[PDB]
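To begin, one chain is listed below as structure tokens, in the form deposited in one PDB entry.
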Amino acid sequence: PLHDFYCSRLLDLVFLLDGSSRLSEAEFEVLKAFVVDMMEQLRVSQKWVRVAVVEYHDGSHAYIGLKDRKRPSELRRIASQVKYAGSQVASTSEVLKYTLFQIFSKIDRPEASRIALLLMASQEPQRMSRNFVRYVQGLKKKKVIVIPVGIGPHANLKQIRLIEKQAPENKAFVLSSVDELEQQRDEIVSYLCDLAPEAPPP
């Protein structure tokens, strides 16, 4: 497809997909299509621009890692085929914990912007949220920018605001449904473009 604009950046981008039942299977497909769209706009190639894709419910399910050496079209295919979980619980604390310690532990590429796109449609039980702030602060020290995208009326707004207060760069986006993903995609991608260092078009 022909998107409204494209940009190549020195960027490490992690997609974190809410795998709760707050999204129907059809709505989850819209979320996945949004992820593929962003990958196309950002000209993802695992060279100058690298991506990871994680679906999270009770735990993290990693479909793509930043160092996976696969051709772009395969990356996009993998992301589009991420399996719908539809679980009762999608723990934001666990997936940020996972991101902090298992994805962004070592800064091999310090010149690159590091971004965790946290796509939220649910609200974990407060029992699991004890170390939530510690993990967001942890990512801050790792120079990882956390971008929470709230989708629907069941998004954990309290945690979204908490993410914003930890660091000025942590910009939040609040959407009424998955239908607004494509409508606000340009704004989200634009923010990434103005944020990250420029890369050569491949």
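Start at 1 and count along the sequence shown; that's the residue number.
This protein has a second form, the form solved in complex with a partner chain, left out of what is shown; the following refers to that one.
In the bound PDB entry, its partner chain lies within 4.5 Å of some heavy atom of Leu162. The closest heavy atom approach of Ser73 to its partner chain in the bound PDB entry falls outside 4.5 Å.
In the bound PDB entry, its partner chain lies within 4.5 Å of some heavy atom of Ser129.
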